[PDB]
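Residue numbers (the entry's author numbering), protein chains in the order written: chain DX, 10 to 85; chain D0, 2 to 59; chain DP, 1 to 117; chain DW, 1 to 94; chain DN, 1 to 136. Structure record follows, encoded as structure tokens.
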Amino acid sequence: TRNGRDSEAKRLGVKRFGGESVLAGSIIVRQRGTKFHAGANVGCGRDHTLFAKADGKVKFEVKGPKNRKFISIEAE
Amino acid sequence: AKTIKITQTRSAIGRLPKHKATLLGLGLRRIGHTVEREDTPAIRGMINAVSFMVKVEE
Amino acid sequence: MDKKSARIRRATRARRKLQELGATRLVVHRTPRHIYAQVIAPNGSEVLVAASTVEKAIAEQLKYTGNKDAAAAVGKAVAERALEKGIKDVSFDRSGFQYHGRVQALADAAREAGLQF
Amino acid sequence: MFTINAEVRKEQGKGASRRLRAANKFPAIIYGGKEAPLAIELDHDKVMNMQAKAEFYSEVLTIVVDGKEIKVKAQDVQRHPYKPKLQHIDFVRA
Amino acid sequence: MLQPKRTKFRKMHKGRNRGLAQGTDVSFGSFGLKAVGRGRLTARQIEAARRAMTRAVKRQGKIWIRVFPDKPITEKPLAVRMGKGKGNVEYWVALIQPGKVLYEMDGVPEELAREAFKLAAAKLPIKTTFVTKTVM
RNA sequence: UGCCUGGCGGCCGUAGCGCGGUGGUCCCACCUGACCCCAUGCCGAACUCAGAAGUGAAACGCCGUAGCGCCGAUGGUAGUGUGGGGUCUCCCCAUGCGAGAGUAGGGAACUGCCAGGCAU
RNA sequence: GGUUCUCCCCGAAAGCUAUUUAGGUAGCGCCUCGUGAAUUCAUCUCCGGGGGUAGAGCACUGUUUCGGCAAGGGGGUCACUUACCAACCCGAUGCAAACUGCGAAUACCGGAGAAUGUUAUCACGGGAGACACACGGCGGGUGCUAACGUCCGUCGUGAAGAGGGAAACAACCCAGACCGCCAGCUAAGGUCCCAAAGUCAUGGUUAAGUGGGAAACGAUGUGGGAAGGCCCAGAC
RNA sequence: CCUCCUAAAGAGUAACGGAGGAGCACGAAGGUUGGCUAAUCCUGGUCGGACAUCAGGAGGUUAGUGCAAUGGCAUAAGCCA
RNA sequence: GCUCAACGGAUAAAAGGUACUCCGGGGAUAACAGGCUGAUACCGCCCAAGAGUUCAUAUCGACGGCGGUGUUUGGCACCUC
Ligand SMILES: [Mg+2]
Ligand SMILES: [Mg+2]
Ligand SMILES: [Mg+2]
Ligand SMILES: [Mg+2]
Ligand SMILES: [Mg+2]
Ligand SMILES: [Mg+2]
Ligand SMILES: [Mg+2]
Ligand SMILES: [Mg+2]
Ligand SMILES: [Mg+2]
Ligand SMILES: [Mg+2]
Ligand SMILES: [Mg+2]
Ligand SMILES: [Mg+2]
Ligand SMILES: [Mg+2]
Ligand SMILES: [Mg+2]
Ligand SMILES: [Mg+2]
Ligand SMILES: [Mg+2]
Ligand SMILES: [Mg+2]
Ligand SMILES: [Mg+2]
Ligand SMILES: [Mg+2]
Ligand SMILES: [Mg+2]
Ligand SMILES: [Mg+2]
Ligand SMILES: [Mg+2]
Ligand SMILES: [Mg+2]
Ligand SMILES: [Mg+2]
Ligand SMILES: [Mg+2]
Ligand SMILES: [Mg+2]
Ligand SMILES: [Mg+2]
Ligand SMILES: [Mg+2]
Ligand SMILES: [Mg+2]
Ligand SMILES: [Mg+2]
Ligand SMILES: [Mg+2]
Ligand SMILES: [Mg+2]
Ligand SMILES: [Mg+2]
Ligand SMILES: [Mg+2]
Ligand SMILES: [Mg+2]
Numbered sequence: 010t011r012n013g014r015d016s017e018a019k020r021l022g023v024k025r026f027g028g029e030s031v032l033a034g035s036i037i038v039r040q041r042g043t044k045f046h047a048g049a050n051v052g053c054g055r056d057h058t059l060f061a062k063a064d065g066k067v068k069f070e071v072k073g074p075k076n077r078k079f080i081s082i083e084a085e
Numbered sequence: 002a003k004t005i006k007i008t009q010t011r012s013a014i015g016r017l018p019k020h021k022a023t024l025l026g027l028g029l030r031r032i033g034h035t036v037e038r039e040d041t042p043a044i045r046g047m048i049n050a051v052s053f054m055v056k057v058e059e
Numbered sequence: 001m002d003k004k005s006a007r008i009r010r011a012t013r014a015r016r017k018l019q020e021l022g023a024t025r026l027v028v029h030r031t032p033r034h035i036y037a038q039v040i041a042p043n044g045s046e047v048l049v050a051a052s053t054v055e056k057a058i059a060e061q062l063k064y065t066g067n068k069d070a071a072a073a074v075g076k077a078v079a080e081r082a083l084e085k086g087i088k089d090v091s092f093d094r095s096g097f098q099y100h101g102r103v104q105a106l107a108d109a110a111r112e113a114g115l116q117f
Numbered sequence: 001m002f003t004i005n006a007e008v009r010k011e012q013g014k015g016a017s018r019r020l021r022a023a024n025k026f027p028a029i030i031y032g033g034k035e036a037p038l039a040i041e042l043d044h045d046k047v048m049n050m051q052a053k054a055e056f057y058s059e060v061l062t063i064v065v066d067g068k069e070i071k072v073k074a075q076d077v078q079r080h081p082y083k084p085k086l087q088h089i090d091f092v093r094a
Numbered sequence: 001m002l003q004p005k006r007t008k009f010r011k012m013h014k015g016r017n018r019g020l021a022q023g024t025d026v027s028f029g030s031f032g033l034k035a036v037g038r039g040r041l042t043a044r045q046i047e048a049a050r051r052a053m054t055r056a057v058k059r060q061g062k063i064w065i066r067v068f069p070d071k072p073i074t075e076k077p078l079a080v081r082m083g084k085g086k087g088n089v090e091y092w093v094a095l096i097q098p099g100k101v102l103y104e105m106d107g108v109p110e111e112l113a114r115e116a117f118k119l120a121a122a123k124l125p126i127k128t129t130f131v132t133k134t135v136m
């Protein structure tokens, strides 16, 4: 039947890019699935939000046999 | 470094905002304004963005 | 899945969690004929201490290399060698095998000998 | 025996290649072997009338780059989308 | 009359028809009818041209149609204001960029293929050229 | 020090698949037995325990091999930021950036810790 | 609808959100005044990032044509067979906003550094206006790649901007007017006369007043270029 | 209110633009420990057929996810105790 | 304990008629005419299967193609409420 509907934009995406200094707890990426996976010092929330578990620099990296994206936190 | 002279050659009217920001970065005020600046790559980057409207004398 | 691949799959989750926690792990390997034990540093690329039934010094005082008694011997051996190098706190990695029989005998022996897990 | 005259390219890229075509000339490449690939320019009319003959794509051709002679074979041809013109030729060392 | 048998979606955004064609070579027959222009070919134009060239070769040889009208075209009727939803699909077009080989033929002498293509070209909204098969 | 094997990693197809060959003293595997520890929505297949009569058949490791995967230039082409222009649905020029596909070619992995067998 | 003396400084908006709201109002955005605070902010350079867009491609999701091979459906059997149709698979060829085994240019986030910029930045407090936008460029949706149409994004100008050019002509091009000058140089655009400046120089093209409106298509119009067929064994 | 595209590769972005869905369910369909791995096609097999259950091979997640879409998911987030 | 779903919810509580009409406003917004546009319309051409005993173009002309006008049916809401 008729169209006309759409939902509110969920403001997902990368909140802190590579090199950015973050304090423990800071959301690095809001995503729907695990487009990025949690690496060293990075936690994964119930809505697959990746967050900092320790103060430091955001590091993006491709690891493993499945060539997956990982967000980690390097000490600064 | 060495000193160079830059002169605005065309009007800033109608130019992209970023280009107006660049002319402010060079301290160029009006058409024909010649200015003495240090020949560094940062000054040479600014000159390059607004190349169409400045003349350089080395 | 074939026996080996099926076992590695069974072992992957715990090993990744141990990697994440940065824990020193006591890795056990089992075979019909032999039982092995290695204490691997959190990096996972270097062995601190090891003991097995392929070792002439251990197999000599044992009836059969692939039984619960041999497993208890390998267990006592790693813990003793680990404690001589100052390694006290570890995390047991059953490596896809059930925590039972031979694997259990090795872990109960290491616990007895003084290893903390 | 097809004999193609060529000069070495003093420039490379979009700007420079388009300037050749406007000047009734076209870029081409010579590659293969231990030797480094040679970026060359060809006269459009001359090569165009040559490639009209089926033998051009089968036979071993000789490219004359500043005196020197190079035995090659036509590897690939980039033609104009709708005009009877040549855009670029790949020559492989024979 | 050519048309997709089924489609994921009924209607499609207008879009643009920029760039040069893909499929610029006689890949199946001996001769071709290449587009020199840019435009849309309707399913009716494609059929009209196909019929003309077929009659020309007296249904000898083989014909290939390298284009497919997979683009749905909508239209608002008379006495209808703007808005109130996208119009209804009326016809199907194939976007044509310069270089597209539209039709291919073989099994006929060059002179005949040239005439057949001259006759079909007159039914098309865009400028064409006769093309022959090439060795690479 | 060399060769071989097992474990745990690095790396994540130049590393994989296929095809051919090859290895059992040791290791590994199949294997033997099963009342029992333990197990099967049934089954000792798997999990598991007690072993050593047999075999490298399978698997696994190694060696070879470009059928496939994979890596991949150079050159040209497509696009595009800025400035300019035309016949302005689309293009062109100056300048900077510059693919994707294809082509030549590469390619039958490389590497660390520990342990065991053998040899000098 | 109207709102009355003067000069000076700064200087918007026609957006978002909510609204019995839609030509009203409120918070935020943007303006102004004040207080305070860091090299706070901008440009550029070098360094650290994530893209899935343009383009491309066709393994995936669909769609599409040709060839090869073919389970299966339709008609004769009284299981066998056929000038039919034919998914999958292989080779070849395209198409995609809601396809991606690829993938830019830009843009954006972060770090450091200089120069420049009347703090341009942030916070708090006083005072607002404004929430009808318009055209032009680029990227799109809608419509007919119709509209001086309509709806987003982004930049420019008008709005709130005079001067020169585009005959005239908010929104295009050049350029931002504190005041005086019967000085000079330039921009866009121009230089035969109206009308300031070349009846300038040099080399070509056109003969249509083309220039100074318009397409498919048509034609021994004329200039340049590369090739070819026939021909003194006599071509046209 | 939710999902995708329009949306111009950060976020956001309009129209009576293009397509769909929600106004619930579940004491297990939640927690944990231990285990397990689909779709589809080919071959063989009582009744049994194009398709039920059984066996082997190819395949490799195209399946599955209480439900729309998109992003995820094998260390499974899928399936069992 | 509200499908206060008009979902930031005016009340616990509410449908219509006016050609008998009235006021404040708007060309912010329709009807006439102008304007922009030209899908539609009207006029012309390009191609030529075929009709025309024979022969495409005497006269016509299918499948399709390109324009001109501002001129019908419309679109828009720029001018005048
Ligand atoms: Mg360029
Ligand atoms: Mg067994
Ligand atoms: Mg073997
Ligand atoms: Mg490059
Ligand atoms: Mg690249
Ligand atoms: Mg490439
Ligand atoms: Mg490739
Ligand atoms: Mg090779
Ligand atoms: Mg050794
Ligand atoms: Mg001011
Ligand atoms: Mg209300
Ligand atoms: Mg960088
Ligand atoms: Mg595209
Ligand atoms: Mg086929
Ligand atoms: Mg303030
Ligand atoms: Mg309002
Ligand atoms: Mg408004
Ligand atoms: Mg607007
Ligand atoms: Mg308008
Ligand atoms: Mg106003
Ligand atoms: Mg004037
Ligand atoms: Mg004069
Ligand atoms: Mg005229
Ligand atoms: Mg004669
Ligand atoms: Mg976005
Ligand atoms: Mg963007
Ligand atoms: Mg579940
Ligand atoms: Mg588990
Ligand atoms: Mg069967
Ligand atoms: Mg409301
Ligand atoms: Mg009244
Ligand atoms: Mg009006
Ligand atoms: Mg009217
Ligand atoms: Mg309007
Ligand atoms: Mg009027």
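No residue lacks a Cβ here, since even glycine has one placed at the ideal position from N, Cα and C.
- With fewer than 16 other Cβ atoms from the protein chains shown falling within 10 Å of its own Cβ, residue 78 (chain DN) counts as exposed.
- Between the stretch 113-133 of chain DN and the stretch 41-53 of chain DN, the count of C-beta pairs closer than 8 Å reaches three or more; the two stretches touch.
- For chain DN, the residues of the stretch 74-92 of chain DW that bring a beta carbon within less than 8 Å of one of its beta carbons are 74, 76, 77, 79, 81 and 82, in chain order.
- Cβ neighbours of residue 87 (chain DW) within its own chain (closer than 7 Å, five residues either side excluded): 26, 78, 79 and 80.
- Boundaries around residue 8 (chain DW) are those of the beta strand (DSSP E), 3-8, since no alpha helix (DSSP H) includes it.
- Of all C-beta pairs linking the stretch 61-78 of chain DP to the stretch 98-108 of chain DP, three or more are shorter than 8 Å, placing the two stretches in contact.
- Among the residues facing chain DW, residue 24 (chain DN) is included, as its CB has a counterpart in that chain under 8 Å away.
- For residue 32 (chain DN), the enclosing beta strand (DSSP E) begins and ends at 31-35.
- In this structure, the alpha-carbon of residue 18 (chain DX) lies about 16 Å from that of residue 42 (chain DX).
- If you draw a straight line from the Cα of residue 22 (chain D0) to the Cα of residue 79 (chain DX), it is about 38 Å long.
- Taking the C-beta atoms as reference points, residue 44 (chain DP) is found no nearer than 8 Å to residue 61 (chain DP).
- For residue 135 (chain DN), the nearest CB of chain DW lies under 8 Å from its own CB, placing it at the interface with that chain.
- Taking a C-beta distance under 8 Å as the contact criterion, residue 71 (chain DX) and residue 29 (chain DX) do not qualify as a contact pair.
- Counting of Cβ neighbours within 10 angstroms places residue 81 (chain DX) among the buried residues, the total reaching 16 or more.
- For residue 72 (chain DN), there is no enclosing alpha helix (DSSP H); the enclosing beta strand (DSSP E) has its first and last residue at 71-75.
- Residue 132 (chain DN) has a beta carbon lying at 8 Å or more from every beta carbon in chain DW.
- Partner residues in the beta bridge of residue 30 (chain DW), as assigned by DSSP, are 38 (chain DW) and 91 (chain DW).
- Residue 95 (chain DP) is classed as buried because its beta carbon has at least 16 other beta carbons within 10 Å across all chains shown.
- Burial check for residue 53 (chain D0): the Cβ neighbour count within 10 Å stays below 16, so the residue is exposed.
- With 16 or more other Cβ atoms from the protein chains shown falling within 10 Å of its own Cβ, residue 93 (chain DP) counts as buried.
- Using a Cβ-Cβ cut-off of 8 Å, residue 57 (chain DW) counts as an interface residue toward chain DN, since at least one Cβ of chain DN sits closer than that to its own.
- When the Cα atoms are used, residue 44 (chain DN) and residue 15 (chain DX) turn out to be separated by approximately 38 Å.
- As the crow flies, the alpha-carbon of residue 9 (chain DN) is around 15 Å from that of residue 85 (chain DN).
- A direct Cα-to-Cα measurement between residue 88 (chain DP) and residue 40 (chain DX) gives close to 41 Å.
- If the five residues before and after residue 33 (chain DW) are omitted, its C-beta is found closer than 7 Å to the C-beta atoms of 93, all from its own chain and listed in chain order.
- The continuous alpha helix (DSSP H) containing residue 111 (chain DN) extends over residues 110-121.
- Under DSSP, residue 37 (chain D0) shares a beta bridge with 6 (chain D0).
- In this structure, the straight-line span from the alpha carbon of residue 68 (chain DN) to that of residue 53 (chain DW) is close to 34 Å.
- For the pair residue 117 (chain DP) and residue 12 (chain DP), the Cα-to-Cα distance works out to about 20 Å.
- In the structure shown, residue 107 (chain DN) adopts coil according to DSSP, grouped into three states.
- Not flagged as an interface residue toward chain DW: residue 101 (chain DN), since no C-beta distance is shorter than 8 Å.
- Apart from the 5 residues on each side of it in sequence, residue 52 (chain DX) sits with its Cβ closer than 6 Å to the Cβ of 60 and 62 in its chain, given in chain order.
- Residue 51 (chain DW) sits buried, since 16 or more C-beta atoms from the chains shown fall within 10 Å of its C-beta.
- In the DSSP assignment, residue 3 (chain DP) falls outside any beta strand (DSSP E) and lies within the alpha helix (DSSP H) extending over 3-21.
- Membership of residue 41 (chain DN) in the beta strand (DSSP E) is indicated by the continuous run 39-42.
- Ranked by Cα distance from residue 24 (chain DP), the first of 98 (chain DP), 65 (chain DP) and 49 (chain DP) is 49 (chain DP).
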